[PDB]
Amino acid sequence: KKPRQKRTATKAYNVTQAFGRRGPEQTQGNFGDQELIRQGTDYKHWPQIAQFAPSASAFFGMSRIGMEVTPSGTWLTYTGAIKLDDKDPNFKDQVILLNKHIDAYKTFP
């Protein structure tokens, strides 16, 4: 429907449907437990996750942007690091939240 990068996951159109199953491959997303995958932006903690997502400006501002041609197409590559605010009183909760979702697929039945 939308280009992948503009899709918004919800219960009606979930993370697996929008972005593919989570897995170890370089082309796959690795982020989200079963609850987040099932619900996308309907997830109870979506606001606390979304606080880390870049604005279009920040995405093109902060990131190392590349262009690669592979057999499947031409790709805009991006890499970056976003510093958590360790002064933020919720820092400890933000670490626990990200810990619950990074590579959670490894524990799925």
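Heads up: residue numbers just count along the shown sequence, starting at 1. Only the largest set of C-alpha atoms that superpose within 1.5 Å between the two forms is called the rigid core.
- After a core fit, the C-alpha atoms in 9 other deposited structures of this protein lie farther on average from the shown form in one of 37-45 and 70-78, namely 70-78.
- When the C-alpha B-factors of 22-30 and 54-62 are averaged, 22-30 comes out higher.
- Remark: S72 belongs to the middle third of its chain, ranked by C-alpha B-factor as recorded.
- The deposited CA B-factor of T41 belongs to the middle third of values across its chain.
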